[PDB]
Structures are given as structure tokens and as C-alpha cells.
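**Student:** Just dropping this structure here.
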Amino acid sequence: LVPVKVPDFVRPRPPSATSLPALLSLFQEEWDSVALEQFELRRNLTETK
Amino acid sequence: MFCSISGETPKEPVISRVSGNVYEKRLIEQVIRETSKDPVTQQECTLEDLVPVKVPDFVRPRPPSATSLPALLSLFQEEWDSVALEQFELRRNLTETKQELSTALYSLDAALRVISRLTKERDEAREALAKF
Amino acid sequence: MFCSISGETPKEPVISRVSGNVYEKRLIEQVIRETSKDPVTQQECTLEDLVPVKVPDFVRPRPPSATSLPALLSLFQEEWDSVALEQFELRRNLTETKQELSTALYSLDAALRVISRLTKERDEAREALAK
Amino acid sequence: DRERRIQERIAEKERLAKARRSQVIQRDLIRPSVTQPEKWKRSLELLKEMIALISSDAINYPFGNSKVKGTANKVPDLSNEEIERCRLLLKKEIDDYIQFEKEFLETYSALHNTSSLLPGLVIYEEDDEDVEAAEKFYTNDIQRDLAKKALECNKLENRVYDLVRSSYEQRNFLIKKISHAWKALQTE
Amino acid sequence: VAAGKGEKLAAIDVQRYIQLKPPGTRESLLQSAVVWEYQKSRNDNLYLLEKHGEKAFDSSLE
């Protein structure tokens, strides 16, 4: 790998993301979301095979 | 997004392997054809050392925001280092206030002992006045 | 290895040519970005005043047993509770040091007043002794 | 001729003013508050009743604009030579190893006093009250919480307006672009 | 967690930091203090957001 130069992707914050339990609710939500993506993709494996 | 050779944006950006830089196809192929050197870092370069863009790929992107777990974890550690920096500054202030507090403490204890000794002297002087 | 900034063991200790002291490169760089001056000597500081240094890394506690792992919130609550307690004690230190300063002011004032009393009474006593 | 010296004489007045310099308000950090007269009657045992006058002198400066309680001004004034002489008297009699012991003592004893208690119970380590100290201090904390919530929600409206102008477009464009174009490129 | 939430079973965490428990035991003090600290951090973050405005949003759209 070669470290290249990029302007970086600006990360704009939602209406409510200011620490607070908003951040822990997002923790649980993205846990669930990536895990459900995993389930969908695994069952897609089984059906496609 | 800026090309050092001409100053204009590259319509088809290309990254040089020898030195990380963003060129445009026409000028970079011109400088490669004229000689095997890097126009910026004066080092040997070839046609294969130029890397066109292979952005399309096949995988599913994300929004570039704080709604992804690497991004969200970056915001997690940002919150943590923000409260950490607050603790740093306030602990500097705490130790400075402790130093000046100790100075005032021994100053006040010495002053109280001085007050006691002085008042003893003044009671003695009042007795001396009352002796007549 | 005793880091003068928080007490936690620094995983990237650095040295300073003018006055070698234990900090971390990222934090001092960020502070210089905020204020490009030496905090201790009140003199201008540049980004090239630090020399690269190598570090041997440390270990991590890596909590096992993987049971719904919600303890992160409780640790967070503890962290804000600790910082709030420390802020309260900042307030207490400021109040107590100001009260002591004021008490010292009037103590020294009373010392002046009582020394005026002493000098006048002693003059009276010695003069009546002469009489 | 006249003003080259007259303005200098005005600067001379300001140079006489530097000699006269009180404290407390010299750096103007906090203050013994406003409810002064009650604390002096409440004083037990000795110098707690003498600090009464200096606290009453603190209302002469505009700090009384924060609040006024009882007033009772009894300013005795001071003098410059008076201040200097007793600064000498203090520091002539008051050697660094005892100060090292002092700093160790005060720091520890503070750490013992500074327990893991949200409200200050150092006086309550000798008094008998925990619930009402838990009540007043952190209902004031809640009132300041509500005030801060109000002054922030006054500034939330412009953020959410700018954000239905910007991030709503960002999310709509993001979803419409990414989902359709990305699931079509693979099919192609 | 997958064998758990295969039947949805949405995991639960405490959101009871807005109820603002009235004067009670130490729990009321803890909630008030943590809410105060959350409020201060929220102040800092939102003012920091409005320091620059929506230039970052314009760059994201571009």
C-alpha cells in the first residue's frame, strides 16, 4: 500500500448527535443493522447455493 | 483534485506509484514519453507506474457521515478525548489552585500566630499603662 | 514513564530540547495548533522542535464473556460522574482559597492596627515612667 | 508648554493610583457573596466576625449588582505605607522542607475530604444532613439544566432549518443515487 | 446475539435520562449530574457545528 493524498470525506452530523444517550442508541442500532445485513447475506448464500 | 504540472483539475485523475500525486492522463503521458522521470520528485517513472482510477468495484458504499461504525466509533473517541481534554485543563487548574492555596495556608497560619503574639504584647502594654 | 499530564503510563513519551518533559506528540501538536507558544516559558514554539522517537507498545485488558456487553454505558456514566465531582471540587478550592485570601487581608490589617496600639501604649508607659 | 506637563500631571495622578491597590477585587475573582450580615451573627468562637467589615466593603464595588442583602457598609479605609509595613512584618518572620511537608499534608487531607460525594459533605461529616443537601444543590443544578436546555433550544431552530435545507437533500440524494445506481451497476 | 435476535428481540438499554426523577435518593443526584454533563457537551458540539455553518454539507453534496 502507498499512502496517497485525499481531501478526506467530510462527516456532517445529524440533527441530534452531540454525545448524550443518542450515541448509545446509535450504538445499538448499528449493531442490529450490520448484524441483520449479515443474516440477510447468509440466507442469501443458502438460497443461491 | 489539482495537477501540479498545469494547475488545472484532472478530468481523468491518475496516481503516480513512485510519488503520490494526482496527474491528468495527457500531461502525465507527455512527461513519461519525453523521459522516464517524475516531474515533481525527479525519480524514474514509467507507464505502468501510473495508476488509473478503479473506483467502480462491486461493493455497497455508505453515507459519509457519523452513521457508520468506524465513523461512529471515531465520534465515540472524539467525545472521549473532549471530556479528557476538559479533565486535563481542569486538573492543571486544580494543581495551580492547590499550590496557591498552600501558600495562603501557611501565610494565614503565620499571620494568626503573629496576631496572637501581638495581642499578648498589647495586653502587656495595657497592664503597664494601668500600673499607674 | 511517570507522565506529568495525567499520571497514566504514556505509550508515546517524547523529549524536548529546551526543557525535556513527558507529553504526547498528538496533544502537544494540537495545543500548538491552538496556541503556537511554549506553555511553560511563554516563548514561541514550532512544529520542528520535537525529535522522532520509537515506542514499545503496551497490553490491553480485553474483557471476555460476551453477554450483551452493555457495561459501556455504565462506565460512561461513571466518567461523567467523576468529571462532575472534580468540577465541584474545583469550585470548593476556588471558594476556600478566596476565603483564606480575605482572611489573610484582615489578619494583616488587624496586625497593623494592633501595632499602632502597641507603639502608642508603650510610648505612654515609657513617658509616664520618665515623669 | 501647558499640556505637555498637564497631561503628564494627569498621568502622575494615575501613577499615584497604582500605589493605592486593594485586593480581592484587584483580580476580581468571585466574592464573599451577598448574604453577609447573617453569617457574622452566626460566627462561632475569632476572626470570622472581623471579616464582616471587608465583606461589607465588597458591596461598594459594582459586585452588589449581582444582589444586595443587608448592606451595612463599615469601610475603615487603609494606607499604602500601612500595607507595605505589615507585608514586611508577615514575611520577615515566616525553611522550604516544612513547605514540602505542608503541601503533602494539605493535598492528602484534601483528598480525604474530597470524597466521591456529589454534594459537599465535608461540613456534613460533622453536621447531620444528607438528603436536603442532596435536594437543594441538585435542584439548582436541574434549574440551570433547564435554563441551558432553553438557551440551546433557542439555537436548535436555525440548525434544524439549515439541516432540512442541507442534510435532508444529502440523505435523499444519497439514498436515490447510491441504491439505484449501485444495484444497477452490478446488473450491467 | 444472532441466535438471540433471530426473532427480532431488540436489545434494550436505559433511555430513562429524560424522566428527570424528582428529589429522592442518590440516583436523583447521579441523573442530574450526568444530564448536566451531557448538556455541556451538547452545547459545545452544537456551537462548534454552527461555527462553520453548512460548508461541509455543500462539499458532501458536491
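Chain identifiers are assigned as A, B, and so on, following the order in which chains appear in the C-alpha cells; residues are numbered from 1 within each chain, and ligands are numbered from 1 in order of appearance.
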When you get a sec, could you note down which chain B residues fall within 7 Å of chain A, using only C-alpha atoms, as a VMD selection string?
**Tutor:** chain B and resid 20 64 to 66 69 79
**Student:** Based on only C-alpha atoms, which of the residues in chain D come within 9 Å of chain B? I want them as a ChimeraX atom specification.
**Tutor:** /D:89-91,93-94,99,102-103,106-107,171,174-175,178-179,182-183,185-186
**Student:** Counting only C-alpha atoms, which residues of chain E sit at most 9 Å from some atom of chain C, and what is each one's closest atom pair with its distance in Å to one decimal, listed by chain and rising residue number, as a tab-separated table?
**Tutor:**
```
residue	atom	partner	partner_atom	distance
E:1	CA	C:68	CA	7.1
E:11	CA	C:68	CA	8.0
E:13	CA	C:70	CA	7.4
E:14	CA	C:73	CA	8.7
E:30	CA	C:81	CA	7.0
E:33	CA	C:84	CA	6.6
E:34	CA	C:80	CA	5.9
E:36	CA	C:84	CA	8.5
E:37	CA	C:80	CA	6.4
E:38	CA	C:80	CA	8.2
```
**Student:** Pull out every residue of chain D sitting within 9 Å of chain A, counting only C-alpha atoms, and send them as a list in words.
**Tutor:**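 Residues passing the distance filter: residues 156, 159, 160, 163 and 167 of chain D.
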**Student:** For the residues selected in the previous step, produce a file with C-alpha atoms as a compact mmCIF listing (two decimals), in the first residue's frame.
**Tutor:**
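Saved as out_15.txt:
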```
# COMPACT_ATOMS: atom_id res chain seq x y z
CA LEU D 156 -31.71 24.44 17.68
CA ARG D 159 -29.73 24.36 12.94
CA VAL D 160 -32.73 22.18 12.09
CA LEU D 163 -30.44 20.95 8.18
CA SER D 167 -28.89 17.16 5.26
```
**Student:** Kindly assemble as a tab-separated table a list of the chain E residues that lie within 10 Å of chain B, each paired with its nearest atom pair and their distance in Å to one decimal, using only C-alpha atoms, sorted first by chain and then by ascending residue number.
**Tutor:**
```
residue	atom	partner	partner_atom	distance
E:37	CA	B:83	CA	9.4
E:41	CA	B:83	CA	8.1
E:44	CA	B:82	CA	9.7
E:45	CA	B:79	CA	9.3
E:60	CA	B:64	CA	7.7
```
**Student:** Give me, as a ChimeraX atom specification, the residues of chain C touching chain D, with the criterion being at most 8 Å (counting only C-alpha atoms).
**Tutor:** /C:84-85,88-89,95,98-99,101-103,105-109,111-112
**Student:** Write out as a PyMOL selection string every residue belonging to chain C that has an atom at most 6 Å from any atom of chain B, counting only C-alpha atoms.
**Tutor:** chain C and resi 97+104+111+118+121-122+125
**Student:** With distances taken over only C-alpha atoms, which of E:61, E:4, E:21, E:15 is nearest to chain D?
**Tutor:**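 Between E:61, E:4, E:21, E:15, the residue approaching chain D most closely is E:61.
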**Student:** Would you give me, as a ChimeraX atom specification, the residues of chain D that come within 10 Å of chain E, using only C-alpha atoms?
**Tutor:** /D:117-119,130-132,134-146,148-149,151-152,155-156,158-159,162-163,165-167,169-171,173-174
**Student:** Just the selected residues (N, CA and C atoms), exported as a short mmCIF file (atom, residue, chain, number, x, y, z; two decimals), in the first residue's frame, please.
**Tutor:**
```
data_model
loop_
_atom_site.label_atom_id
_atom_site.label_comp_id
_atom_site.auth_asym_id
_atom_site.auth_seq_id
_atom_site.Cartn_x
_atom_site.Cartn_y
_atom_site.Cartn_z
N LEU D 117 -18.46 12.05 46.74
CA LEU D 117 -19.80 12.54 47.06
C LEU D 117 -20.13 13.71 46.13
N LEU D 118 -21.26 13.61 45.44
CA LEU D 118 -21.68 14.70 44.56
C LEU D 118 -21.90 16.02 45.31
N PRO D 119 -22.62 16.06 46.43
CA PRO D 119 -22.67 17.30 47.21
C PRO D 119 -21.61 17.33 48.30
N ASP D 130 -27.92 14.86 54.85
CA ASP D 130 -27.52 14.39 53.52
C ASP D 130 -28.62 14.54 52.48
N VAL D 131 -29.88 14.31 52.85
CA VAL D 131 -30.96 14.33 51.87
C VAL D 131 -31.28 15.76 51.42
N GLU D 132 -31.34 16.71 52.36
CA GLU D 132 -31.69 18.07 51.96
C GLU D 132 -30.54 18.76 51.23
N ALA D 134 -28.72 17.02 49.34
CA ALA D 134 -28.88 16.38 48.05
C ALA D 134 -30.02 17.02 47.26
N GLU D 135 -30.92 17.72 47.95
CA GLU D 135 -32.12 18.28 47.35
C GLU D 135 -31.84 19.66 46.76
N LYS D 136 -31.39 20.59 47.60
CA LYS D 136 -31.29 21.98 47.16
C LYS D 136 -30.23 22.15 46.08
N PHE D 137 -29.04 21.59 46.29
CA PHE D 137 -27.93 21.79 45.36
C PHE D 137 -28.27 21.26 43.98
N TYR D 138 -28.86 20.07 43.90
CA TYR D 138 -29.11 19.44 42.61
C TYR D 138 -30.54 19.62 42.13
N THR D 139 -31.35 20.41 42.83
CA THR D 139 -32.48 21.05 42.17
C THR D 139 -32.09 22.40 41.58
N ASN D 140 -31.10 23.08 42.17
CA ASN D 140 -30.49 24.21 41.47
C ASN D 140 -29.74 23.74 40.23
N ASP D 141 -29.07 22.59 40.33
CA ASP D 141 -28.40 22.01 39.17
C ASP D 141 -29.41 21.69 38.08
N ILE D 142 -30.60 21.21 38.46
CA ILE D 142 -31.64 20.93 37.48
C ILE D 142 -32.18 22.23 36.88
N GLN D 143 -32.33 23.27 37.71
CA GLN D 143 -32.82 24.54 37.19
C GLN D 143 -31.85 25.14 36.17
N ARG D 144 -30.55 25.10 36.47
CA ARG D 144 -29.56 25.51 35.47
C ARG D 144 -29.56 24.59 34.26
N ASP D 145 -29.85 23.30 34.45
CA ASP D 145 -30.01 22.39 33.32
C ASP D 145 -31.14 22.84 32.41
N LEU D 146 -32.28 23.20 33.01
CA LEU D 146 -33.43 23.67 32.23
C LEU D 146 -33.11 24.98 31.52
N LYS D 148 -30.17 25.98 30.52
CA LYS D 148 -29.26 25.67 29.42
C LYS D 148 -30.00 24.99 28.28
N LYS D 149 -30.94 24.10 28.61
CA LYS D 149 -31.79 23.48 27.59
C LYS D 149 -32.58 24.53 26.83
N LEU D 151 -31.78 27.86 26.43
CA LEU D 151 -30.94 28.69 25.57
C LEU D 151 -30.32 27.89 24.44
N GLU D 152 -30.24 26.56 24.55
CA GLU D 152 -29.82 25.75 23.42
C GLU D 152 -30.96 25.50 22.43
N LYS D 155 -31.38 27.95 19.91
CA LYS D 155 -30.42 27.84 18.81
C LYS D 155 -30.55 26.53 18.04
N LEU D 156 -31.43 25.64 18.47
CA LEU D 156 -31.71 24.44 17.68
C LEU D 156 -32.51 24.75 16.43
N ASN D 158 -32.53 27.22 14.18
CA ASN D 158 -31.77 27.57 12.98
C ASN D 158 -30.96 26.40 12.46
N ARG D 159 -30.45 25.55 13.36
CA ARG D 159 -29.73 24.36 12.94
C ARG D 159 -30.65 23.39 12.20
N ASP D 162 -31.51 24.94 8.74
CA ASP D 162 -30.39 24.72 7.83
C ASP D 162 -30.26 23.25 7.48
N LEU D 163 -30.72 22.36 8.36
CA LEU D 163 -30.44 20.95 8.18
C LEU D 163 -31.52 20.27 7.35
N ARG D 165 -32.66 22.00 5.11
CA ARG D 165 -32.20 22.55 3.84
C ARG D 165 -31.02 21.78 3.26
N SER D 166 -30.15 21.21 4.10
CA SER D 166 -28.91 20.61 3.62
C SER D 166 -28.86 19.10 3.80
N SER D 167 -29.01 18.60 5.03
CA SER D 167 -28.89 17.16 5.26
C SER D 167 -30.09 16.39 4.74
N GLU D 169 -31.58 17.08 1.88
CA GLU D 169 -31.16 16.90 0.50
C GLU D 169 -30.05 15.87 0.41
N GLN D 170 -29.11 15.92 1.35
CA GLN D 170 -27.99 14.99 1.35
C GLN D 170 -28.48 13.55 1.48
N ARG D 171 -29.38 13.29 2.43
CA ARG D 171 -29.90 11.94 2.62
C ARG D 171 -30.77 11.49 1.45
N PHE D 173 -30.71 12.55 -1.76
CA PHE D 173 -29.83 12.36 -2.90
C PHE D 173 -28.97 11.12 -2.71
N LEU D 174 -28.44 10.95 -1.50
CA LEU D 174 -27.65 9.79 -1.14
C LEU D 174 -28.42 8.50 -1.40
#
```
**Student:** For the atom pair CA of residue 100 (chain C) and CA of residue 68 (chain D), what is the interatomic distance in Å to one decimal place?
**Tutor:**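 That distance, rounded to one decimal, is 22.8 Å.
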**Student:** At what distance in Å, to one decimal, does CA of residue 46 (chain B) lie from CA of residue 12 (chain B)?
**Tutor:** 17.9 Å
**Student:** Among chain E, which ones does DSSP assign to helix (DSSP H, G or I) (computed from the backbone)? Answer as JSON, numbers by chain.
**Tutor:** {"E": [2, 3, 4, 5, 26, 27, 28, 29, 30, 31, 32, 33, 34, 35, 36, 37, 38, 39, 40, 41, 42, 43, 44, 45, 46, 47, 48, 49, 50, 51, 52, 55, 56, 57, 58, 59, 60, 61]}
**Student:** Restricted to N, CA, C and O atoms, what would the selected residues look like written as a short mmCIF file (atom, residue, chain, number, x, y, z; two decimals), in the first residue's frame?
**Tutor:**
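Here's the written file part-v3.cif:
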```cif
data_model
loop_
_atom_site.label_atom_id
_atom_site.label_comp_id
_atom_site.auth_asym_id
_atom_site.auth_seq_id
_atom_site.Cartn_x
_atom_site.Cartn_y
_atom_site.Cartn_z
N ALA E 2 -26.86 -13.36 17.59
CA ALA E 2 -27.63 -13.70 16.41
C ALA E 2 -28.71 -14.72 16.74
O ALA E 2 -29.87 -14.57 16.33
N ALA E 3 -28.35 -15.77 17.48
CA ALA E 3 -29.36 -16.69 17.97
C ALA E 3 -30.38 -15.98 18.86
O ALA E 3 -31.55 -16.37 18.89
N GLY E 4 -29.95 -14.95 19.59
CA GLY E 4 -30.91 -14.15 20.32
C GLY E 4 -31.90 -13.38 19.46
O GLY E 4 -33.12 -13.59 19.57
N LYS E 5 -31.40 -12.50 18.60
CA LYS E 5 -32.22 -11.58 17.82
C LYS E 5 -32.72 -12.16 16.50
O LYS E 5 -33.26 -11.41 15.68
N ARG E 26 -29.69 9.00 46.10
CA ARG E 26 -28.51 9.38 45.32
C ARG E 26 -28.73 9.23 43.82
O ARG E 26 -28.01 9.87 43.04
N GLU E 27 -29.67 8.38 43.40
CA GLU E 27 -29.91 8.20 41.97
C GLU E 27 -30.35 9.50 41.31
O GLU E 27 -29.97 9.79 40.17
N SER E 28 -31.16 10.30 42.02
CA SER E 28 -31.54 11.62 41.50
C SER E 28 -30.32 12.51 41.31
O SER E 28 -30.21 13.22 40.30
N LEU E 29 -29.39 12.48 42.26
CA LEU E 29 -28.17 13.27 42.12
C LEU E 29 -27.35 12.81 40.92
O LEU E 29 -26.84 13.63 40.14
N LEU E 30 -27.21 11.49 40.75
CA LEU E 30 -26.46 10.96 39.62
C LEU E 30 -27.09 11.35 38.29
O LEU E 30 -26.38 11.78 37.37
N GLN E 31 -28.42 11.23 38.18
CA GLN E 31 -29.08 11.61 36.93
C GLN E 31 -28.91 13.10 36.66
O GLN E 31 -28.63 13.50 35.52
N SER E 32 -29.07 13.95 37.68
CA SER E 32 -28.92 15.38 37.47
C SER E 32 -27.50 15.72 37.02
O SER E 32 -27.31 16.52 36.10
N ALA E 33 -26.49 15.11 37.65
CA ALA E 33 -25.11 15.43 37.29
C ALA E 33 -24.78 14.96 35.87
O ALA E 33 -24.16 15.69 35.09
N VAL E 34 -25.20 13.74 35.52
CA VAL E 34 -24.90 13.24 34.18
C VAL E 34 -25.66 14.05 33.13
O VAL E 34 -25.14 14.30 32.04
N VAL E 35 -26.89 14.47 33.43
CA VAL E 35 -27.64 15.30 32.50
C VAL E 35 -26.96 16.65 32.32
O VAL E 35 -26.90 17.18 31.21
N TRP E 36 -26.41 17.21 33.40
CA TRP E 36 -25.68 18.47 33.30
C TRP E 36 -24.46 18.31 32.39
O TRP E 36 -24.18 19.17 31.54
N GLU E 37 -23.71 17.22 32.58
CA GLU E 37 -22.52 17.00 31.76
C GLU E 37 -22.89 16.76 30.30
O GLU E 37 -22.22 17.27 29.39
N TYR E 38 -23.96 15.99 30.06
CA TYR E 38 -24.45 15.80 28.70
C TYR E 38 -24.83 17.13 28.08
O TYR E 38 -24.56 17.38 26.90
N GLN E 39 -25.47 18.00 28.86
CA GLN E 39 -25.90 19.29 28.36
C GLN E 39 -24.70 20.16 27.98
O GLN E 39 -24.72 20.83 26.95
N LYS E 40 -23.66 20.16 28.81
CA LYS E 40 -22.47 20.94 28.49
C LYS E 40 -21.81 20.44 27.22
O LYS E 40 -21.42 21.23 26.34
N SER E 41 -21.67 19.11 27.08
CA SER E 41 -21.08 18.57 25.86
C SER E 41 -21.93 18.88 24.63
O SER E 41 -21.40 19.18 23.56
N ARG E 42 -23.26 18.82 24.78
CA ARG E 42 -24.17 19.17 23.69
C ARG E 42 -24.02 20.63 23.29
O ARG E 42 -24.00 20.95 22.09
N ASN E 43 -23.92 21.53 24.27
CA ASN E 43 -23.65 22.93 23.98
C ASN E 43 -22.39 23.07 23.14
O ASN E 43 -22.40 23.69 22.07
N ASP E 44 -21.29 22.46 23.60
CA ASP E 44 -20.02 22.61 22.90
C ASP E 44 -20.12 22.09 21.48
O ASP E 44 -19.70 22.76 20.53
N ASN E 45 -20.72 20.91 21.30
CA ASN E 45 -20.78 20.31 19.97
C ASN E 45 -21.64 21.13 19.02
O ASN E 45 -21.26 21.33 17.86
N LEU E 46 -22.79 21.62 19.48
CA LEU E 46 -23.66 22.35 18.56
C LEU E 46 -23.10 23.73 18.22
O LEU E 46 -23.20 24.17 17.06
N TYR E 47 -22.51 24.43 19.19
CA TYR E 47 -21.84 25.68 18.85
C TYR E 47 -20.69 25.44 17.88
O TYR E 47 -20.48 26.22 16.94
N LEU E 48 -19.92 24.36 18.09
CA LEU E 48 -18.87 24.03 17.14
C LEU E 48 -19.44 23.77 15.75
O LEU E 48 -18.83 24.15 14.74
N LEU E 49 -20.61 23.13 15.67
CA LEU E 49 -21.25 22.89 14.38
C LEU E 49 -21.60 24.21 13.70
O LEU E 49 -21.37 24.38 12.50
N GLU E 50 -22.13 25.17 14.46
CA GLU E 50 -22.51 26.44 13.83
C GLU E 50 -21.36 27.43 13.69
O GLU E 50 -21.57 28.53 13.17
N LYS E 51 -20.15 27.08 14.15
CA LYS E 51 -19.00 27.92 13.83
C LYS E 51 -18.76 27.98 12.33
O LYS E 51 -18.51 29.05 11.77
N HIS E 52 -18.83 26.83 11.65
CA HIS E 52 -18.54 26.77 10.22
C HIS E 52 -19.78 26.80 9.32
O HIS E 52 -19.64 27.08 8.13
N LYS E 55 -20.90 24.58 5.11
CA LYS E 55 -19.92 24.40 4.04
C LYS E 55 -19.56 22.92 3.87
O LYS E 55 -19.40 22.44 2.74
N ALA E 56 -19.42 22.19 4.98
CA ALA E 56 -19.17 20.76 4.91
C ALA E 56 -20.31 20.03 4.20
O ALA E 56 -20.08 19.08 3.45
N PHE E 57 -21.55 20.46 4.44
CA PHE E 57 -22.69 19.86 3.74
C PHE E 57 -22.64 20.13 2.25
O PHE E 57 -22.93 19.25 1.44
N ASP E 58 -22.25 21.35 1.86
CA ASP E 58 -22.11 21.66 0.44
C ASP E 58 -21.03 20.80 -0.20
O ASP E 58 -21.21 20.29 -1.31
N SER E 59 -19.91 20.61 0.49
CA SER E 59 -18.86 19.75 -0.04
C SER E 59 -19.32 18.30 -0.15
O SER E 59 -18.98 17.60 -1.11
N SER E 60 -20.09 17.82 0.84
CA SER E 60 -20.62 16.46 0.74
C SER E 60 -21.54 16.30 -0.46
O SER E 60 -21.44 15.31 -1.20
N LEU E 61 -22.43 17.27 -0.70
CA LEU E 61 -23.31 17.19 -1.87
C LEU E 61 -22.52 17.28 -3.17
O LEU E 61 -22.84 16.59 -4.15
#
```
**Student:** Figure out the distance between CA of residue 88 (chain D) and CA of residue 20 (chain D), please, to one decimal in Å.
**Tutor:** 17.1 Å
**Student:** Considering only C-alpha atoms, state which residue in the set A:25, A:38, A:33, A:46 is at the smallest distance from chain C.
**Tutor:**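 When distances to chain C are compared using only C-alpha atoms, the smallest one comes from A:25.
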**Student:** Give me, as a ChimeraX atom specification, all polymer residues having an atom no more than 12 Å from residue 20 (chain C), counting only C-alpha atoms and skipping those fewer than 5 positions away in the same chain.
**Tutor:** /C:4,13-15,40,49-51
**Student:** Pick out the residues sitting within 8 Å of residue 37 (chain D), and hand them over as a PDB file with N, CA and C atoms, in the first residue's frame; count only C-alpha atoms, and ignore anything fewer than 3 positions along from it in its own chain.
**Tutor:**
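Written output follows (around.pdb):
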```pdb
ATOM      1  N   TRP D  40     -22.232  36.818  60.106  1.00  0.00           N
ATOM      2  CA  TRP D  40     -21.435  37.397  61.181  1.00  0.00           C
ATOM      3  C   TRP D  40     -22.062  37.110  62.538  1.00  0.00           C
ATOM      4  N   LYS D  41     -23.394  37.170  62.624  1.00  0.00           N
ATOM      5  CA  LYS D  41     -24.065  36.749  63.848  1.00  0.00           C
ATOM      6  C   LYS D  41     -23.940  35.246  64.048  1.00  0.00           C
ATOM      7  N   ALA D  52     -16.243  40.465  58.596  1.00  0.00           N
ATOM      8  CA  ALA D  52     -17.531  41.086  58.325  1.00  0.00           C
ATOM      9  C   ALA D  52     -17.346  42.412  57.607  1.00  0.00           C
ATOM     10  N   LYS D  69     -27.927  42.299  50.121  1.00  0.00           N
ATOM     11  CA  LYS D  69     -28.567  41.733  51.306  1.00  0.00           C
ATOM     12  C   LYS D  69     -28.004  42.441  52.531  1.00  0.00           C
ATOM     13  N   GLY D  70     -28.801  43.321  53.132  1.00  0.00           N
ATOM     14  CA  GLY D  70     -28.425  43.955  54.382  1.00  0.00           C
ATOM     15  C   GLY D  70     -27.500  45.149  54.246  1.00  0.00           C
ATOM     16  N   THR D  71     -26.555  45.077  53.303  1.00  0.00           N
ATOM     17  CA  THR D  71     -25.564  46.125  53.074  1.00  0.00           C
ATOM     18  C   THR D  71     -24.696  46.295  54.320  1.00  0.00           C
ATOM     19  N   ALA D  72     -24.998  47.304  55.142  1.00  0.00           N
ATOM     20  CA  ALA D  72     -24.257  47.602  56.371  1.00  0.00           C
ATOM     21  C   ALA D  72     -22.778  47.879  56.081  1.00  0.00           C
TER      22      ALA D  72
END
```
**Student:** Excluding residue 37 (chain C) and residues on its chain fewer than 5 positions from it, collect all residues at most 12 Å away from it, counting only C-alpha atoms, and give them as a list in words.
**Tutor:**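 Returned residues: residues 28, 29, 30, 31, 32, 42, 43, 44, 45, 46, 47 and 49 of chain C.
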**Student:** Considering only strand (DSSP E) as DSSP defines it on the backbone, what residues of chain B qualify? List them as a PyMOL selection string.
**Tutor:** chain B and resi 13-16+22-24+50-51
**Student:** Would you kindly return, as a list in words, each protein, DNA or RNA residue with an atom no farther than 8 Å from any atom of residue 23 (chain B), considering only C-alpha atoms and excluding same-chain residues fewer than 3 positions away?
**Tutor:**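 Neighbouring residues, sequence-local ones excluded: residues 2, 3, 4, 5, 10, 13, 14, 15, 16, 27 and 28 of chain B.
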